[PDB]
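Some notes on the structure that comes next.
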Amino acid sequence: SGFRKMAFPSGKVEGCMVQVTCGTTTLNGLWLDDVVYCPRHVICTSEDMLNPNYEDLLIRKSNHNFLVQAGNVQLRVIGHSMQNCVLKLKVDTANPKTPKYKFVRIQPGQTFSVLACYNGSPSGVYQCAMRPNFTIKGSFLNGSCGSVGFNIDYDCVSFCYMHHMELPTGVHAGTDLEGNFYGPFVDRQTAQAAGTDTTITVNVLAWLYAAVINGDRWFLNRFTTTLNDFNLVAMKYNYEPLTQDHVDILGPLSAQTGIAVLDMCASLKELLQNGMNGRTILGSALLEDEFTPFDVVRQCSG
Amino acid sequence: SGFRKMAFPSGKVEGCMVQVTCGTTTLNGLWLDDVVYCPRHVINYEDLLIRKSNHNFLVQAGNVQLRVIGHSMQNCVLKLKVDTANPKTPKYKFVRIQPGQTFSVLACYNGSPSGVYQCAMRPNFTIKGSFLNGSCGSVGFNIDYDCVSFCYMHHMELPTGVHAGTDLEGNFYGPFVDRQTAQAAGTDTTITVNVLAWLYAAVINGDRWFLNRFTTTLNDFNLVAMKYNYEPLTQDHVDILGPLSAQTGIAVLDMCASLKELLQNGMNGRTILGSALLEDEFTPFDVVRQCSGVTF
Ligand SMILES: CN1C(=O)N(c2cncc3ccccc23)C(=O)[C@@]12CCOc1ccc(Cl)cc12
Ligand SMILES: [Cl-]
């Protein structure tokens, strides 16, 4: 019993964190096999932040301009290439601690763990969700660039995020491990703003099923709804549209608790209308949207 | 910017998790140097233990079986002497924590780490964890520089879904015993110094709506706090909050008047750091660590 915001154990990722220094900029790199992946903005100077020409800045760099530190050991850079917004530094040593890994690009609503690092040193681990507006509500200070988001399947680490920047609202933007940004963001200091954020509906429903599995039924009601009527109500509270894919995804939790997805949608409509009335659901006074249907099954069942 | 419930990186502890099997029971063990620490319920514990031989305890570290060469009991923890010192043993200490202190929990099943979360030792000595069958032996810890301070070992779940465990010396936190019997968590209270620390974290992150011009005496605050099932705030807590008070320019008794207004009037549709409830599982140290960037 119990329901916590749970991160994956970070050990497999900690053994990959390195410090990358180019000129005055220092940030984090991900050392997998003989390559160090880091945000390409590590090559940027003071007058380069607004309109950097990364191809032009990179061609002027030599391997010895990139200082890579793994613990108290300096790795020797023997090559460099750019792939979208990530810089790939070929090093002369394969990381002996390289786990079984994959680069996966995630969709909004998907969750992952963040290993926050400064100067190639892991300082903390927490759980995140890719917001529908493609930002993440992280916990990052200056020097956290290059910190990574990941999930762990069996013994395999799926790297899904690399931290690049903070938007003016305090939310965070970054790329997948192939350097493709999530959202309409660019690695420039030009005026950028996160779009209006919405609640991840399928995740709230998954969390309502987690509450039912943990013995909380107070929010359930005798009603059901059509998917269309639920979406008409949901959009009014800035909730993401619930698709037939989401209904299908919620099938196992529905079978386990005996509460049909559209029946759970009717509880959610009522919670949106009434609020909680001094009550909590799984120790929360707000509807939690950073647990996927997959997280609920993993945590509540195994 | 940002404020998240953040756990310590778990790598140093993951390299210590082993599976312990005795008869039909399988749970987790903590392998440090040549000893595997695990809950004694894996086996009258003196009478049950004397009937066991070393080969009755099957200890598995990855796909490698460690051979048990000795066994002794210390309070509610079983110490299995093994033939091999764990090469991954980090610099460590066994520390007993006080209620209100936080720690990271590496939840394990069959000696395999599955998740990490940040917890607080509730004033009623329980933890509001997330544990399923097989999680026994999962450990709580903090990291100070490169030293892992082991502070908790999971033993059981109470009927309310909350958890009970011991320090690494086998001494239970709270009035609990390791047996299937009628046990209940006492009435819980809010960790006041931690709520204030979290209110300072909100100020550091740009949330000031709850601030007011008012101040209070420590006595008046404790009279109000006692009414709302909040732990008494001591002069030690006020002193501990000193750095955050200096950084934000809000005296501790000034934040206490904010907390008093929040307790009597509520949030009024508003949130603080994305929460509609007053969060009490971040200590003043956690707030400073997260709002400064301390690494391990
Ligand atoms: C070099 N940068 C950088 O390290 N962060 C930051 C990341 N994450 C959290 C932070 C918190 C406090 C200050 C800066 C933080 C940025 O946002 C920034 C500086 C600001 O403009 C940009 C623009 C583009 C790009 Cl890709 C990076 C940046
Ligand atoms: Cl995804």
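Every heavy atom of this structure was used, including side-chain atoms; hydrogens, water molecules and symmetry mates were not. In what follows, chains carry the letters A, B, and so on, assigned in the order in which the sequence lines appear, proteins first and then strands, with residues in each chain numbered from 1. Start at 1 and go down the list; that is how both ligands and their atoms are numbered.
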If you compare A/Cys145, A/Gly138, A/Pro52 by their heavy atoms, the one closest to atom 3 (C) of ligand 1 turns out to be A/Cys145
For A/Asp229, does its backbone N or O pair with a side-chain atom of A/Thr226 as donor and acceptor, under 3.5 Å?
-> yes
Going by heavy-atom distance to atom 8 (N) of ligand 1, choose the closest among A/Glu166, A/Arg188, A/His163, A/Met165.
-> A/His163
Going by an N to O cut-off under 4.0 Å, is there a salt bridge joining A/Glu178 and A/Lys88?
-> no
Kindly state if atom 10 (C) of ligand 1 has a protein heavy atom within a strict 4.0 Å cut-off, that is, under 4.0 Å?
-> yes
Are the side chain of A/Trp31 and the backbone N or O of A/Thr93 linked by a donor-acceptor pair below 3.5 Å?
-> yes
State the atoms of ligand 1, each with its element, that fall below the 4.0 Å cut-off from a heavy-atom position in A/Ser144.
-> 8 (N), 9 (C)
Identify the closest protein heavy atom to atom 1 (C) of ligand 1: which residue and atom is it, and at what distance?
-> A/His41 CE1, 3.9 Å
Verify, without hydrogens or angle tests, whether A/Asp263 (side chain) and A/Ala260 (backbone) share a donor-acceptor contact under 3.5 angstrom.
-> no
Under 4.0 Å to a heavy atom of A/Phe140 - the qualifying atoms of ligand 1, by number | 8 (N), 9 (C), 11 (C)
Run the numbers for me: atoms of ligand 1, each under 4.0 Å from some heavy atom of A/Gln189, listed by number.
-> 19 (C), 20 (C), 21 (O), 22 (C), 23 (C)
Between A/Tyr37 and A/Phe103, is the gap from one ring center to the other below 6.0 Å?
-> yes
Return yes if some donor-acceptor pair links the side-chain N/O of A/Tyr161 with the main-chain N/O of A/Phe112 below 3.5 Å, else return no.
-> no
Positive for side-chain contact (heavy atoms from CB on, under 4.5 Å) with A/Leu242, one of A/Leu268, A/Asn231, A/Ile200 = A/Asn231
With a cut-off of 4.0 Å, which atoms of ligand 1 are near a heavy atom of A/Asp187?
-> 24 (C), 26 (Cl)
What do we get for A/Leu141 next to ligand 1 when only non-hydrogen atoms under 4.0 Å count, side chain, backbone, both or neither?
-> backbone
Would you say A/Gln192 contacts ligand 1, with heavy atoms under 4.0 Å as the rule?
-> no
Do B/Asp286 and B/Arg289 meet the salt-bridge criterion of a basic N to acidic O distance under 4.0 Å?
-> yes
If you scan protein heavy atoms around atom 14 (C) of ligand 1, the nearest is A/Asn142 ND2, 4.0 Å
